[PDB]
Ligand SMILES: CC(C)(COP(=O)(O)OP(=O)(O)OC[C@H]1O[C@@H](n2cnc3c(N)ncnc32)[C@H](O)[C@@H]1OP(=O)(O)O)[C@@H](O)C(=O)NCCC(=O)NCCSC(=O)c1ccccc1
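Single chain ahead, written as structure tokens, the form solved without benzoyl coenzyme A.
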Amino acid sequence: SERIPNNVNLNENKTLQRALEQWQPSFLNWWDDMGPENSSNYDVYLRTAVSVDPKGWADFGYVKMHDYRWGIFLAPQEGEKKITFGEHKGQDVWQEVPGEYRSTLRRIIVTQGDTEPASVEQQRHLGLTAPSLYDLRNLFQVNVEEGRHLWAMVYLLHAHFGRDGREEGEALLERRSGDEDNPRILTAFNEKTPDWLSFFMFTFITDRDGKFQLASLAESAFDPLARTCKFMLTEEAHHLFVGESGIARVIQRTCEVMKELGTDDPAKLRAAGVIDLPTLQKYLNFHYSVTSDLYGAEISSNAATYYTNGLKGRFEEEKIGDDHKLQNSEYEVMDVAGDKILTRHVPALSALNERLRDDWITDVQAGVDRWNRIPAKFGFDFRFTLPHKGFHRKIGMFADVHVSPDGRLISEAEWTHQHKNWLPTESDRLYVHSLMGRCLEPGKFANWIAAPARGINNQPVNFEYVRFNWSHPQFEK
């Protein structure tokens, strides 16, 4: 019923409500310019959140995405919640940011916010080559949710950061993925997402960085941010499912053709129009290593500071069996010293980036293990693996050297001769591009990917998840 749906009593804060209503047309102009291409008249079968009530939170129906009901939804407030780590452990959580942390928390929220529209901008062309209505609908669902995450951060900026907050909300729509004068902040969000295989890896791997960053902020002493991220985690889960099941369905299809043709010869697989498993492995290597750089330098005074001040906790902070202060704790990280990769212990507070990275690696591996059930049930030997964490890194201690996927420091000549086996080549990408082509007949799936296990919201897999309204009704006519 509400114009800006929310469970935050927005209408009782009239100054804030005015400011968000003032900002909304510019969000909608951004959505129209940079959102899913040519989609202004589509009716999409979308889920929309209307609460955080884990039973009846999200309801489905057709909507044109310009009319999507983007809302602000915080996890329920908890009475007498305490801060759980850092200097301030045991004190009451903050409803407003302490002045001394204000600009730091602001930059953290803006940086998180910036990735949300960035992903929409990267993915805006994908619809033209959607391999199915089911997949097109999933893409759009991810898009409108990422749009909501921008709302979720812009709300915090306006509600808790005054004028600076408003100015950040405006600049969040002035930056643009890949733009020369005003690029998005983070490299991985500034690059192209050129085809559906990249899109599925991105939502499987890079949205998972979102998951771990958000789980760290879900711990924050700044409780409105903590409550915001806590609810976004439940949405991020859907994104991770799109990416994991997306790739799982490509692997499934490729294995079907391997069994049918009785061969694992790449040339024969490609003649049949599937993506050979070794090439899938390269895309995994590419997105995994690129995403890894997002956690930042292994050793960081800044990250020590976020923890100590109560701004950002460790993943699942409350399950960790230590003092949650870490003045006298250690953490084991790698190091490179000439022609050797070694391990060393450093003060735990200085290595929080690396700890979060390690948590993400573990989570990604759990998903790859699930992928591996597929070749295994076909009786194939192929297994997907993650490359050594030092492989293909632009950030941190491995940035000045080459590491092979199996964890050796290698020479410039070996990198130059071998990396074509490890990362997608121009020729691999051209091949994958040649498979990309829309498939919009109900219940039909492009030949490079298998059908999903089930539909959406109990609908058949052949349901018309998107109705294009190809006819162009005339103004006032």
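Start at 1 with the first residue shown and count on from there.
- The stretch 376 to 384 shows the higher mean C-alpha B-factor when 147 to 155 is compared against 376 to 384 in the entry.
- Relative to one another, 256 to 264 and 160 to 168 have unequal mean CA B-factors, and 256 to 264 is the one with the higher figure.
- Across 118, 83, 75, 108, the greatest Cα temperature factor reported in the deposited entry is at 75.
- Set against one another, the Cα B-factors of 355, 319, 344, 125 in the record reach their highest point at 319.
- Ranked by C-alpha B-factor against the other modelled residues of its chain, residue 410 falls in the lowest third.
- Ranked by Cα temperature factor within the chain, residue 246 sits in the lowest third according to the deposited record.
- Among the modelled residues of its chain, residue 422 has a C-alpha B-factor that falls in the lowest third according to the deposited record.
- For residue 135, the recorded CA B-factor ranks within the middle third of the chain. Only modelled residues enter the ranking.
- Residue 233: CA B factor in the highest third of modelled residues in this chain (values from the PDB entry).
Another form exists, solved in complex with benzoyl coenzyme A; not displayed. Remarks below refer to it.
- Of the candidate stretches 252 to 260, 165 to 173, 108 to 116, 359 to 367, only 108 to 116 has residues whose heavy atoms lie within 4.5 Å of benzoyl coenzyme A in the deposited complex.
- Annotated contacts: 284, 375 and 421 are all free of benzoyl coenzyme A in the deposited complex [non-hydrogen atom within 4.5 angstroms].
- At the 4.5 Å threshold, heavy atoms of residue 353 reach benzoyl coenzyme A in the deposited complex.
- Residue contact with benzoyl coenzyme A in the deposited complex: residue 103 places no heavy atom within 4.5 Å of it.
- In the deposited complex, benzoyl coenzyme A sits within 4.5 Å of a heavy atom of residue 186.
- Heavy atoms of residue 146 reach within 4.5 Å of benzoyl coenzyme A in the deposited complex, making it an interface residue.
- Site annotation in the deposited complex: the residue of 138, 228, 206, 220 reaching within 4.5 Å of benzoyl coenzyme A with a heavy atom is 206.
- For the options 341, 346, 395, 272, the residue carrying a heavy atom within 4.5 angstroms of benzoyl coenzyme A in the deposited complex is 395.
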